[PDB]
Amino acid sequence: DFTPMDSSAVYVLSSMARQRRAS
Amino acid sequence: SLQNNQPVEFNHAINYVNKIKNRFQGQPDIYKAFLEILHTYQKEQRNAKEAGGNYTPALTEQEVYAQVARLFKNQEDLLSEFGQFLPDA
(Lines give C-alpha, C1' and ligand atoms only; values in the text may rest on other atoms or scores of the structure.)
Protein backbone atom coordinates (compact mmCIF):
# COMPACT_ATOMS: atom_id res chain seq x y z
CA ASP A 1 0.00 0.00 0.00
CA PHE A 2 2.79 2.41 0.95
CA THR A 3 6.55 2.34 0.40
CA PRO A 4 8.74 5.03 2.08
CA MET A 5 12.14 6.20 0.85
CA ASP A 6 13.46 2.93 2.29
CA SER A 7 16.29 4.98 3.79
CA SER A 8 15.60 7.47 6.59
CA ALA A 9 13.08 9.93 5.13
CA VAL A 10 10.67 9.14 7.96
CA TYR A 11 13.41 10.16 10.39
CA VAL A 12 14.17 13.62 8.98
CA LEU A 13 10.44 14.29 8.63
CA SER A 14 9.79 13.12 12.19
CA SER A 15 12.67 15.37 13.26
CA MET A 16 11.24 18.59 11.83
CA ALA A 17 7.78 17.72 13.17
CA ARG A 18 8.82 16.75 16.71
CA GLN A 19 11.30 19.63 16.97
CA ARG A 20 8.42 21.95 16.05
CA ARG A 21 7.59 24.21 19.01
CA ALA A 22 9.89 21.89 20.96
CA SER A 23 12.93 22.76 23.08
CA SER B 1 8.79 5.69 24.68
CA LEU B 2 6.54 6.82 21.83
CA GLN B 3 2.90 7.92 21.71
CA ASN B 4 -0.25 6.77 19.90
CA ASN B 5 -2.80 9.52 20.52
CA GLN B 6 -2.94 12.27 17.90
CA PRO B 7 0.00 11.25 15.64
CA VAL B 8 1.51 14.27 13.88
CA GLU B 9 4.78 13.04 12.34
CA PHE B 10 3.11 9.81 11.20
CA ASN B 11 0.03 10.99 9.28
CA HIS B 12 1.78 14.17 8.09
CA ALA B 13 5.14 12.80 6.92
CA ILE B 14 3.60 9.61 5.50
CA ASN B 15 0.94 11.50 3.52
CA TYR B 16 3.72 13.90 2.48
CA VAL B 17 6.06 11.43 0.79
CA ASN B 18 2.97 9.61 -0.50
CA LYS B 19 1.32 12.56 -2.25
CA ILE B 20 4.63 13.69 -3.73
CA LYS B 21 5.49 10.15 -4.84
CA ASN B 22 2.18 9.87 -6.70
CA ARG B 23 2.43 13.45 -7.96
CA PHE B 24 5.87 13.51 -9.60
CA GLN B 25 5.71 9.77 -10.21
CA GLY B 26 6.90 10.59 -13.72
CA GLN B 27 9.72 12.93 -12.72
CA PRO B 28 12.35 11.03 -10.64
CA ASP B 29 14.87 13.87 -10.98
CA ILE B 30 13.07 16.44 -8.85
CA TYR B 31 11.88 13.74 -6.44
CA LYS B 32 15.37 12.32 -5.92
CA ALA B 33 16.74 15.85 -5.50
CA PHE B 34 14.35 16.74 -2.68
CA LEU B 35 15.05 13.43 -0.93
CA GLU B 36 18.77 14.15 -1.27
CA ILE B 37 18.31 17.51 0.43
CA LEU B 38 16.52 16.06 3.46
CA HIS B 39 19.01 13.18 3.54
CA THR B 40 22.09 15.38 3.75
CA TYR B 41 20.19 17.74 6.04
CA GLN B 42 19.34 14.80 8.29
CA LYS B 43 22.93 13.59 8.62
CA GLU B 44 24.10 17.16 9.23
CA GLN B 45 21.38 17.60 11.84
CA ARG B 46 22.24 14.37 13.67
CA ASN B 47 25.98 15.00 13.69
CA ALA B 48 25.55 18.63 14.73
CA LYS B 49 23.19 17.43 17.46
CA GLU B 50 25.74 14.96 18.81
CA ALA B 51 28.51 17.56 18.54
CA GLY B 52 26.75 20.16 20.66
CA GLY B 53 27.43 23.48 18.97
CA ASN B 54 31.10 23.60 17.97
CA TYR B 55 30.04 21.97 14.70
CA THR B 56 29.15 23.85 11.53
CA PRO B 57 26.10 22.25 9.80
CA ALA B 58 26.41 22.17 6.01
CA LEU B 59 22.69 22.51 5.26
CA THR B 60 20.39 24.64 7.40
CA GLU B 61 16.66 25.39 7.45
CA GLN B 62 17.31 28.08 4.84
CA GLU B 63 19.41 25.76 2.67
CA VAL B 64 16.63 23.18 2.40
CA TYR B 65 13.71 25.61 2.08
CA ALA B 66 15.66 27.45 -0.63
CA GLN B 67 16.68 24.47 -2.76
CA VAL B 68 13.21 22.98 -2.34
CA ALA B 69 11.69 26.33 -3.34
CA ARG B 70 13.82 26.20 -6.48
CA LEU B 71 12.91 22.57 -7.16
CA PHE B 72 9.30 23.60 -7.76
CA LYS B 73 7.74 26.66 -9.41
CA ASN B 74 3.98 26.52 -9.93
CA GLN B 75 3.82 23.96 -7.12
CA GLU B 76 4.03 26.09 -3.97
CA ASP B 77 1.77 23.74 -2.01
CA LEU B 78 4.81 21.58 -1.26
CA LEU B 79 6.76 24.56 0.07
CA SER B 80 3.98 25.55 2.46
CA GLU B 81 3.23 22.01 3.64
CA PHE B 82 6.98 21.61 4.15
CA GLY B 83 7.11 24.81 6.17
CA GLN B 84 4.61 23.23 8.54
CA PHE B 85 7.27 20.62 9.31
CA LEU B 86 9.99 23.23 9.78
CA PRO B 87 10.63 23.30 13.58
CA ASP B 88 8.91 26.35 15.08
CA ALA B 89 10.82 28.54 17.53
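Residues numbered from 1 in each chain as written, not as in the entry; some residues may be left out. Chains lettered and ligands numbered in written order. Heavy atoms only, no water.

Per the PDB entry, the recorded name for chain B is Sin3a protein, and the organism is Mus musculus. The record for the entry shows the title "Solution Structure of HBP1 SID-mSin3A PAH2 Complex".

Describe the layout of surface pockets, listing the residues and the values that go with them.
Considering only enclosed or pocket space, the largest pocket measures out at about 290 Å³ in volume. What lines the largest pocket is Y11, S14, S15 and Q19 of chain A together with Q42, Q45, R46, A48, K49, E50, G52 and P57 of chain B. Looking at the lining of the largest pocket, the elements with two or more residues in it are α1 (9-18) of chain A together with α2 (28-51) of chain B. Per-element tally for the lining of the largest pocket: the top contributor is α2 of chain B, with six residues. The residue inventory of the lining of the largest pocket, partitioned by class, reads three nonpolar, six polar and three charged. (1 Å grid on protein atoms, 1.4 Å probe; cavity = no way out; pocket = protein on both sides within 12 Å on 5 of 7 lines; lining within 4 Å. Points joined across faces, edges and corners; volume = space filled by probe spheres on them. Helix = DSSP H or I, 4+ residues; strand = E, 2+ residues; numbered from the N terminus. Nonpolar A, V, L, I, M, F, W, Y, C, P; charged D, E, K, R; others polar.)

Please provide a residue-by-residue account of the packing of aromatic side chains, values included.
Residues and elements named next belong to chain B. Summed over all chains, the structure comprises five aromatic pairs over all chains. Summarising the aromatic geometry, the rings of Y16 and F85 are spaced 5.1 Å apart at their centres and angled 65° between planes, so their arrangement reads as edge-to-face. A residue pair is termed long-range when its members are at least 10 positions apart, and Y16 in helix α1 (residues 9-23) and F85 in helix α4 (residues 77-85) qualify at 69 residues. The exposure classification of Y16 matches that of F85, with both residues buried. Note on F24 and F72: the rings are 5.3 Å apart at their centroids and 35° apart in plane angle, and the pair reads as tilted. Of this pair, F24 sits in the loop between α1 and α2 while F72 sits in the loop between α3 (61-71) and α4; the two residues are 48 residues apart in sequence, bridging distant segments of the chain. For the pair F24 and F72, a shared accessibility class is recorded, and that class is buried. One aromatic cluster is present, formed by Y16, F34, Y65, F82 and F85 through successive ring pairs. (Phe/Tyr/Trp six-rings, centres within 6.5 Å; stacked < 30°, edge-to-face > 60°. Buried < 20%, exposed > 50% of the residue type's maximum accessible area, 1.4 Å probe, protein only.)

A description of the environment of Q42 of chain B should follow, citing residues and the corresponding values.
Along the chain, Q42 of chain B turns up in helix α2. Spatially, the C-alpha atom of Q42 of chain B lies 9.9 Å from that of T60 of chain B, the residues being 18 residues apart in sequence. Reaching out from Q42 of chain B, the side chain makes a polar contact with the backbone oxygen of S8 of chain A at a distance of 2.8 Å. (Polar contact = N/O pair within 3.5 Å; in protein donor to acceptor, adjacent residues only side chain to side chain.)

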